Number of protein chains: 2
Amino acid sequence: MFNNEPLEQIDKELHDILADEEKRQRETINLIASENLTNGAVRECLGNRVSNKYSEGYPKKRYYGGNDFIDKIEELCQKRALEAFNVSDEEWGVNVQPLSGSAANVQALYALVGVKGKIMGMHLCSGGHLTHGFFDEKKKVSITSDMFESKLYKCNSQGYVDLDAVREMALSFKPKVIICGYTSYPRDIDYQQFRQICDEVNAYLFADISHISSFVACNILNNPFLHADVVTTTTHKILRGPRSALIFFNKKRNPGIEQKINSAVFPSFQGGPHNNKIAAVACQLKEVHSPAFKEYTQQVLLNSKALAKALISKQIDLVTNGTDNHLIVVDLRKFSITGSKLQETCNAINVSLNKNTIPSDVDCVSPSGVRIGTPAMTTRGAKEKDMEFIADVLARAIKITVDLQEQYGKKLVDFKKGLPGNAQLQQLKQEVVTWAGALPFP
Amino acid sequence: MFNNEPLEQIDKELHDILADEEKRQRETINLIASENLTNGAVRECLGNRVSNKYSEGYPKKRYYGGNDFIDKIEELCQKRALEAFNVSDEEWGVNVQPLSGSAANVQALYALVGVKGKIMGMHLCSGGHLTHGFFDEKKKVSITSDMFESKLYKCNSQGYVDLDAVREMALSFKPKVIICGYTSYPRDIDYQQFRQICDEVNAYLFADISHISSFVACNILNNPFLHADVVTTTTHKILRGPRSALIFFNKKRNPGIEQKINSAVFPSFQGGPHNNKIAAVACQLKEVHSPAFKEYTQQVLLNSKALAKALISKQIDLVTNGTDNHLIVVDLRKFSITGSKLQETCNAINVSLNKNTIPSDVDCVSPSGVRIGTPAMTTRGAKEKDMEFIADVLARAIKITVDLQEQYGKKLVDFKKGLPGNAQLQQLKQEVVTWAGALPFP
Ligand SMILES: Cc1[nH]nc2c1[C@](c1cc(F)cc(-c3cccc(CCC(=O)O)c3)c1)(C(C)C)C(C#N)=C(N)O2
Ligand SMILES: Cc1[nH]nc2c1[C@](c1cc(F)cc(-c3cccc(CCC(=O)O)c3)c1)(C(C)C)C(C#N)=C(N)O2
Ligand SMILES: Cc1ncc(COP(=O)(O)O)c(CNCC(=O)O)c1O
Ligand SMILES: Cc1ncc(COP(=O)(O)O)c(CNCC(=O)O)c1O
Ligand SMILES: [Cl-]
């Protein structure tokens, strides 16, 4: 007693928007630093009937039965995770149930410190995440500033983590956790000096590596597993998995952390796991290990360096004047345009990027930069030589944005009136569409 | 720069476990009251490239551009949800972003009462959910007993909600929220008398309808939307959608509830929405509104009554001596077997059901019942006449469980040594596999 007609027949309305979404993805220069494109195999997992199964609890300790095959999938995913991130199943554990990155962070944080717990993380404006304790004078914007007592450290005027300030703050505040690992941070992290500061005040070291996961796994960047008590990561950004998260915990340094973290995920926060996610994650974690994927990850970095260099060659300023990873933040102050204006201009030419604060911004109200990254376009087959074109297109967008602001004014509502029908944008869009449309697409 | 080999080629190890899982689902009498089988259209959505898109925020107030198509899908989902549950978009709003039922409840609760907030819900042992404030002497098991202050009300000795005790507790405790709607409650709910008690103490009325959503939608059971401030529901149980949740809020009764609920979901708790889920939810909500799906839902209740009646005809006791909905709780005390023992016996014959507390159970440690329900089997085409066979199989399983317990003892470790190789269980398993394997399977 069910309708088994395919999606096109059963729901034509939805199926056209979805076909449109796909065409837009295929015809866009996607520079969102947090985005990627999943292969067909990962997407076969996500639509697999294994999502029909309720399996509350952990493998070999389920509430229900009929979880024999589900248990093999969850155990295969955990094994593959610890293998991908070069850790021994004796010293490190992993939970594979968190539904997304923000959930994983709130759960892991709760496990370590509990309600009223004291935490330290990077401010949102300086490249921190929302789940690192973000609040505002007006509101406790994240639950992590409300269910916990959070304090927020900043980057210096040049965009680097200011470790002297982390330490001065830690010694007066005395937190149980210090969060490092970030959302829009263009450089590698000194986990060792974080591990030193945490020892000095007796705090846990929490590394959110969601944006740089692949670099950590492939030994291209610093390894927080040498120093961290907890490592969290999403599986959907540079790692190229589905939308999910992973919480790692150091058993050796903290006996009794395994149960704390596991019980935080369930039953403290979640109910039934989504087994299609876990399947999809298992599938991707196999790829992550392969030497082919290390090639991909290296290519992401090569592309990012080349893109930084090309933008500098066109007299565009970058926060920290470069990058150690997949991401760049462009400082837009010398052109007198906001990030939101350039995001609008770039949307009109099928260039996906986001507005992003820079060190000089006191507030998140008017961000004076944009963030770009190479993982999506590296996935689609772009090499170092193609980064000049991307740098060319972004430079042209900045100029057009300056022209449009000149003609229609600095108010955003007034600015956007210039965008529709602009001859140069239609021209620039067409150049983007022709180049992006052709590229390999999973 | 990606591998596009199909799942079987790229990952043969995983594809075997998955095909095995599928075979077990196909060959099983699934009586888990919270499970169902999604159609092909819903699974096409879950595996759609729309999950590639980062779209933090809400439609027309996104952080990023490139979200024109995502905004249509999210707007279509909300529209179809208000329509499906017969509510006016003028009077009622809906958030479609929560990743799952437990998340939806923690988020909606936070929105209403904040940290340290006072909440009342049904005890887990009486049929409440974990996210309704469940704690123990030993631990605050759910976050909803820790980030909130919770008190728990019980059902009476006959298994019904005891309203006199709910008022008794509410007047002295004075919570800001009272939760009703349950995980293993076999009867309809008197939302009107909940509304009357909430008004008396100035508390919000929270209705979690995840198990009975379809009945509410199709006007077969009482309508909590006439009385409640907030209604939450999962989309994966009787509703037959993907794994996701919906939070409904009553604007008319509570102006400014829209923002608190929306801000609670993002950015307080979650980050990026899972657009594949939202697509999948849209797809199912269209089916939910059809007359064909009301026919399905009616069939679920017919099957449940017929199953209750056949179990009573075989001298098996049911909590409340019947059901108004899709679910039955069997009281096993007269056979002197635990729920876990019959759960094990039923797994051995490919019968999926769960152990479940009954009113006489003081603890959740040794539950004296099992819970069954008809949605899954009703989806697979089973009619009223087929319920006699299911009651026949369960009666035989109870007898074998009594036999095995006699032979091997009442310790669970000992009992299970009896299960493998049992001639009657192999015989009963084979009968289950022959009938279940034949039934329609989406
Ligand atoms: C959308 C989002 N999620 N997590 C982020 C962001 C970023 C962001 C950028 C931005 F311009 C604004 C925000 C933001 C998101 C939610 C709430 C707020 C508070 C400010 C307000 O309510 O106006 C700001 C957040 C970007 C990656 C998009 C961000 C920055 N800069 C950082 N560090 O992390
Ligand atoms: C697994 C689960 N999730 N939500 C539920 C359950 C149910 C359940 C049954 C059961 F036998 C035990 C539990 C349970 C789950 C988590 C923690 C606890 C505390 C007991 C302990 O730590 O041993 C009990 C929960 C069942 C629907 C499966 C339940 C009951 N009875 C109720 N009311 O709701
Ligand atoms: C450090 C960090 N942690 C967690 C998350 C996100 O978890 P969700 O799966 O809940 O979105 C992000 C992505 N932040 C958005 C971006 O970089 O574009 C992140 O940058
Ligand atoms: C009232 C209620 N609320 C929420 C949930 C579940 O939300 P998740 O999507 O987080 O599992 C359940 C399912 N409880 C398990 C069962 O009935 O089998 C439930 O019964
Ligand atoms: Cl999913």
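Proteins come first, then strands; the chains are lettered A, B, ... in the order of their sequence lines, and each starts at number 1. Keep in mind that the numbers below use all heavy atoms, side chains included, and drop hydrogens, waters and symmetry copies.
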Review point. Out of B:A382, B:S100, B:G40, which one racks up the most heavy-atom pairs below 4.5 Å with chain A?
Key: B:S100
Practice item. Tell me, for A:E287 versus chain B, whether the close heavy atoms (under 4.5 Å) come from the side chain, the backbone, both or neither. Key: side chain
Review point. Are B:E13 and A:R80 within salt-bridge range, i.e. N to O under 4.0 Å?
Key: yes
Check your understanding: Contact part of A:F441 toward chain B, heavy-atom cut-off under 4.5 Å: side chain, backbone, both or neither?
Key -> both
Exercise for review: Would you check if the side chain of B:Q270 reaches a backbone N or O of A:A103 as a donor-acceptor pair within less than 3.5 Å?
Suggested key: no
Check your understanding: Between A:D11 and B:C283, which heavy-atom pair has the shortest distance, and what is it?
Key -> OD2-CA, 3.7 Å
Exercise for review: Verify the distance criterion only: is there a donor paired with an acceptor across the side chains of B:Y110 and A:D146 at less than 3.5 Å?
Suggested key: yes
Review point. Got a sec, which residues hit side-chain contact (heavy atoms from CB on, under 4.5 Å) with B:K72, two or more places apart in sequence or on another chain?
Key: A:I17
**Study point:** A:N39, part contacting chain B, at a heavy-atom distance under 4.5 Å
**Key:** both
**Study point:** NZ/NE/NH1/NH2 to OD/OE distance under 4.0 Å, A:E21 and B:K53
**Key:** no
Check your understanding: Is the backbone N or O of A:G66 less than 3.5 Å from a side-chain atom of B:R24, with the two atoms forming a donor-acceptor pair by type?
Key -> yes
**Study point:** Per-residue contact mode, A:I10 against chain B (heavy atom under 4.5 angstrom)
**Key:** both
Practice item. Give the intermediate values and the outcome of side-chain contact (heavy atoms from CB on, under 4.5 Å) for residues A:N52 and B:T38. Key: CA-CA 7 Å; A:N52 293 331; B:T38 54; 3.6 Å; yes
Practice item. Mark yes or no for whether A:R243, through its side chain, and B:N275, through its backbone, hold a donor-acceptor pair below 3.5 Å. Key: no
Review point. Would B:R380 count as a cation-pi partner of A:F2, with NZ or CZ less than 6.0 Å from the six-membered ring centre and within 45° of the ring normal?
Key: no
